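Below are the chains, spelled out letter by letter.
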Amino acid sequence: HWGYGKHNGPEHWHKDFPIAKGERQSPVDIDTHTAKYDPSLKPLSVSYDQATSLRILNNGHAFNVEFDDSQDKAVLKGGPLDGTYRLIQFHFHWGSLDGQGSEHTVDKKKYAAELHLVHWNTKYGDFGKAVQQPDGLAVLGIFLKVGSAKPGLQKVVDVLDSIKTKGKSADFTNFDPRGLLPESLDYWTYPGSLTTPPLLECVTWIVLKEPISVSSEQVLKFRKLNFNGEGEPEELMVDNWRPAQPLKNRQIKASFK
Ligand SMILES: [N]S(=O)(=O)[C][C][C][C][C][C]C1234B567B89%10B%11%12%13B85%14B%1158B%12%11%15B%139%12B%1061B%12%112C5%153B%14874
Ligand SMILES: [Zn+2]
């Protein structure tokens, strides 16, 4: 099955998922000097006050913090988006060392990690239908750098020991994702894809310019997770990022001057 090793990693994915070589793949490098300021872009509206987290799951590739998406409770709108996108889950991608881990890059800079808040367009009724549409998902991407601790992340960090291995989950209620946001909602946006198989070309990407800071100790705990299942040979869950893909016939737009 696909993963992030030598034998099953990103360079192999195209064999099972030929869209890996498609026209709107993610992530990409954001060349800051080429991205054009678009004064028509709106402020992003992030409405997470009623977000209801339920559970955290180690799926063998990352961990997902899952939300109740059976009503409009936590939604993303505005920015480049038409209509309303409901939060379903967030997860991260990270490295074995602080010098790599992000999926998007900024002028070729790699951050230590990248947070993805995944939302689906309510006009398609369910997530599985949304991923079949070119405007089905909106993913809000946030870079992580290592420095000061992020207090709002610590609840996530502290539950990771209970979901060490693939297929483990834990109750994870009352977690407030507002504590993971940077001060500024300035962003870049472009049309792209899921960064994991099946690599579907269904995503409007919204990547915040301002990173969040997390501590070395926080990211070190991400790196103690396992890709393997319980009792199997330990493979640390590190370097679970896809590298930048060709931009092809796409424009990255900036919300800010
Ligand atoms: N890293 S990222 O933020 O670009 C991607 C986040 C969303 C990935 C969704 C994957 C599937 B869900 B539905 B089905 B189940 B199985 B098939 B279909 B969607 B694709 C897979 B699972
Ligand atoms: Zn992701």
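Residues numbered from 1 in each chain as written, not as in the entry; some residues may be left out. Chains lettered and ligands numbered in written order. Heavy atoms only, no water. Residues with missing side-chain atoms left out of burial classes, pairs and counts.

If you look the protein chain up in the PDB entry, it shows as Carbonic anhydrase 2 from Homo sapiens. Each PDB entry has a title, and for this one the record gives "Carborane closo-hexyl-sulfonamide in complex with CA II". Turning to the protein chain, the UniProt record has this under Subunit (literature references left out): "Interacts with SLC4A4. Interaction with SLC4A7 regulates SLC4A7 transporter activity. Interacts with SLC26A6 isoform 4 (via C-terminus cytoplasmic domain)." Recorded under Sequence similarities, the UniProt text for the protein chain is reproduced unchanged: "Belongs to the alpha-carbonic anhydrase family." (UniProt positions renumbered as here; feature names shortened; annotations may be inferred.)

Caption draft 1: Representation of the UniProt feature "binding site: Zn(2+)" in the protein chain. In the numbering used here, UniProt assigns the "binding site: Zn(2+)" feature to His91, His93 and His116. These residues run over 26 residues, yet every pair of their C-alpha atoms falls within 8.2 Å of each other. Relative to the elements of secondary structure, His91 occurs in strand 7 (residues 85-94). For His91, the contacting residues outside a window of four places in its chain are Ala62, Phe63, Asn64, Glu114, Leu115, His116 and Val118. (Helix = DSSP H or I, 4+ residues; strand = E, 2+ residues; numbered from the N terminus. Contact = heavy atoms within 4.5 Å.)

Caption draft 2: Highlighting the UniProt feature "active site" in the protein chain. Per the UniProt annotation, the sites labelled "active site" are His61. Looking at where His61 falls in the secondary structure, it is placed in the loop between strand 4 (53-58) and strand 5 (63-67).

Caption draft 3: Spatial organisation of the environment of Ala138. For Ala138, the location among the structural elements is in strand 10 (residues 137-146). Taking the C-alpha atoms as reference points, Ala138 and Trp120, 18 residues apart in sequence, are found 6.3 Å from one another. The residues touching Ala138, leaving out its near neighbours within four places in the chain, are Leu76, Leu81, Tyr85, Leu117, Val118, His119 and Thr204.

Caption draft 4: Layout of the coordination of the zinc ion (ligand 2). The zinc ion (ligand 2) binds to the protein through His91 (NE2), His93 (NE2) and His116 (ND1); the donor distances cover 2.0 to 2.1 Å. Taken together, the 4 donor atoms coordinating the zinc ion (ligand 2) and their angles of 99 to 118 degrees define a geometry best described as tetrahedral. Read N to C, the donor residues that coordinate the zinc ion (ligand 2) are spaced as H-x1-H-x22-H. Of this pair, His91 sits in strand 7 while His116 sits in strand 9 (residues 113-121); the two residues are 25 residues apart in sequence, bridging distant segments of the chain. (Donors = N, O, S within 2.8 Å, 3.2 Å for Na, K, Ca; no water. Tetrahedral: all angles 85-135°; square planar, octahedral: opposite > 155°, others 65-115°.)

Caption draft 5: Inspection of the site of ligand 1 at higher detail. Lining the immediate surroundings of ligand 1 are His91, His93, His116, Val118, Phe127, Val139, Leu194, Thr195, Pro198 and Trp205. Here a nitrogen atom of ligand 1 and a side-chain polar atom of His91 are 3.2 Å apart. In the model, an oxygen atom of ligand 1 is placed 3.4 Å from a nitrogen or oxygen of the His116 side chain. Isolated, ligand 1 exposes 520 Å² of accessible area, and the fraction of that covered by the protein chains is 68%. Elements with a minimum of two residues in the shell around ligand 1: strand 7 and strand 9. (Near = heavy atom within 4 Å. Polar contact = N/O pair within 3.5 Å; in protein donor to acceptor, adjacent residues only side chain to side chain. Areas by Shrake-Rupley, 256 points an atom, 1.4 Å probe, with all protein chains shown as cover.)

Caption draft 6: The side chain of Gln25, seen in detail. Along the chain, the position of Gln25 falls in the segment before strand 1 (29-30). The class of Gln25 is buried, set by a relative accessible area of 1%. In this structure, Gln25 is in contact with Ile19, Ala20, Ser193, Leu199, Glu201, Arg242, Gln245 and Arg250, ignoring residues within four places of it in sequence. (Buried < 20%, exposed > 50% of the residue type's maximum accessible area, 1.4 Å probe, protein only.)

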